[PDB]
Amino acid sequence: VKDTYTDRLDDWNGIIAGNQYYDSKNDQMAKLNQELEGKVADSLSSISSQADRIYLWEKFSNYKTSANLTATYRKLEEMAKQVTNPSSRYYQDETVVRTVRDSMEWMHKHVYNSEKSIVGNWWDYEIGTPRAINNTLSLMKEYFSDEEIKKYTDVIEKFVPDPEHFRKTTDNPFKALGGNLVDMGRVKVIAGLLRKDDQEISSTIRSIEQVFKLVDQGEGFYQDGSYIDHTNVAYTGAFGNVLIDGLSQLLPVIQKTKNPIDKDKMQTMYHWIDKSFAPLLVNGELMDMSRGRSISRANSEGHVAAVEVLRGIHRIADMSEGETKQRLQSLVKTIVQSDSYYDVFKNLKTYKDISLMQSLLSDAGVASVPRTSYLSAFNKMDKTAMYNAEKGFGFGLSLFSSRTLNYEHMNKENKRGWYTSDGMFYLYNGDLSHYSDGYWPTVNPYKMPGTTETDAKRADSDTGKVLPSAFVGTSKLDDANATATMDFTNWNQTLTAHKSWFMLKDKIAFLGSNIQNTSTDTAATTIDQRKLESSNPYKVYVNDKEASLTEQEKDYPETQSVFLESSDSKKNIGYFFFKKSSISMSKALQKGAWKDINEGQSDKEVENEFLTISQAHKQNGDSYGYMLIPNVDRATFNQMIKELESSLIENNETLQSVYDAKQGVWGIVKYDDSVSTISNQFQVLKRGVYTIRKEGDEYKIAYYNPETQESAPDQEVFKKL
């Protein structure tokens, strides 16, 4: 017979497989089931047989590569899903049942058991493999005896005995937090259920509860929405995904155990969704600046990664109720519906998830209204996300400081993300596929957009660094206006620049001063490197005069503006140079392979066309200043830049400021404590970042000191003249 433990595992199966929700007449479900049918068949026809072999599958033979461990167990899990799916051609198949039971025994005797030691990555020994095993056993529990289950999970207890720590069999174990902490639950809570071990369950759950705390230091979610992981990396979009994705699968089960989690304790979850996740999603795309090294993975481009968060959010809404359930549903609905590029079902991998998404999209009772404008200053992870609902464009500012790592290159992934945080900017417009379709393996890693750098060669073997300066941060006035700055110094301290950004509702001014180079390499700022669509060509205008770009760089001296004109106004990009400047442009096909940036990816060649614009800085004390104006047609652009003829208030080594006359808003960055009189109306007195709005004879002030990470009383930083 059985019990409440199996009852929980039954619940878990419906969440992880959802065989009980399958419907052959359901288009989406049938498609996933067909995908699983093909996998099992491939696995079944390639599995080695006769006289105990040296590998189950030739592709994952080398048992010294921990990867081959969980990839092998995942193949049995797939078999477990189909074998328990009444609509599968493998339903209760004697061969498939024996193959799983045999493969478990073989692997246990020769590759993964209690007498072994972590060989390769610990993750596979404590997370990857134990999960695949728990799932396989949970699904086929009616084919395995309890003795066999215990026997097969003992090794999991060996490698992961402590619900609070990972790598417990090593010399350098670590306290499980965030995503890892959630993975700890999918490992020990399930194993606990399978082993009918209450202690394991309660302790692991008690341990999981730690995930609900907001932090003000270290890894985790901060009150400002930032999410830090791997000590000091902005990671909402990769580890955050795993956290929400995994937690949402677990909660329903945990909540039905002897130790359910208090409602109040789970409160923060909605804080993550609203403050941390939502702002990073633009037209179904999860901003790459928050995905760490995941960006180097071919099967995880922006829209795909976003579904990871969305399915988690949807699962949460589903266990919620009333308003909370309602608004979360609308949130998922509208995001999914705004995505005209990626089919959300391509990354919904269980029948329950597919089913939930179908009823949501078809339920007219659930409002799907375009999201309104917002600007999130994630100062605790040095990132800034901006979105204009009226004009429909998104903007992401990627930086780092003494508090954060610039880029993550680990496990051979993201070998060339060197400059992706050196003041790199992201523009999300009509082209929802911009940062997809092989953008990453084809983008020139030496000219990330918005970054100022020398052309020195870089080594793939390099790893991240924190920034010398702490003067990096964003002062947000409201949902449409904010100012940011970065006291920049390049990787080898040969170049510096005071880089500042002024987000003014429907445009962003880029200012750079104090540019210095002590090296022999050339210094230049990449104004942009935009990925083109062969289907939607741009007509390039320089100073409102058609220009023909070539692979070979062309120089445009005395350039006052550049305009990228598409047939779709929502894909237009204009650049107004406050002062006539010398720039270079070129359009060229850029080839590459994912393997180039991620050892474990395919070496198949990829290619994309890119339009590159940059400004060389040949002298010390150089600078740049331009306004980025997207989503307006040519005639409107040409008109807008005439009005903007005097928006630049200043741009030197101590003061940088842009003024929006239409809005009555000022963006200001001060590098010293001198008294700065602005537009003869007011005086700003402290080193820091400001965003001020004049409303009549009144002034709205948004002041931020990025070093101390504090604001300050109005009279300390601002003086009305």
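Numbering starts at 1 and runs along the sequence shown.
For this session: Please work out which of 261-269 and 629-637 has the higher mean CA B-factor as recorded in the PDB entry.
Result: The entry gives the higher C-alpha B-factor average to 261-269.
For this session: Tell me which of 423-431 and 193-201 has the higher mean C-alpha B-factor in the deposited entry.
Result: Between 423-431 and 193-201, it is 193-201.
For this session: From the list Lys571, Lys642, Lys531, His230, select the residue with the highest C-alpha B factor recorded in the entry.
Result: It is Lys642.
Exercise. In the PDB entry, which of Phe221, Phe471, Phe174, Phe400 has its C-alpha at the highest B-factor?
Worked result: Largest recorded C-alpha B-factor: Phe174.
Exercise. Relative to the other modelled residues in the chain, which third contains the C-alpha temperature factor of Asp162: lowest, middle or highest?
Worked result: For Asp162, the deposited C-alpha B-factor lands in the highest third.
Exercise. Going by the entry, which third of its chain does the Cα temperature factor of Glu390 land in?
Worked result: Its C-alpha B-factor belongs to the lowest third of this chain's values.
Exercise. By its CA B factor, does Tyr659 count among the lowest, middle or highest third of the modelled residues in the chain?
Worked result: For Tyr659, the deposited C-alpha B-factor lands in the lowest third.
For this session: Report the third (lowest, middle or highest) to which the CA temperature factor of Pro706 belongs, ranking only the modelled residues of the same chain.
Result: Bottom third by C-alpha B-factor.
Problem set entry | Modelled-residue ranking by C-alpha temperature factor, third containing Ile649 | Answer is middle: the recorded C-alpha B-factor places it there.
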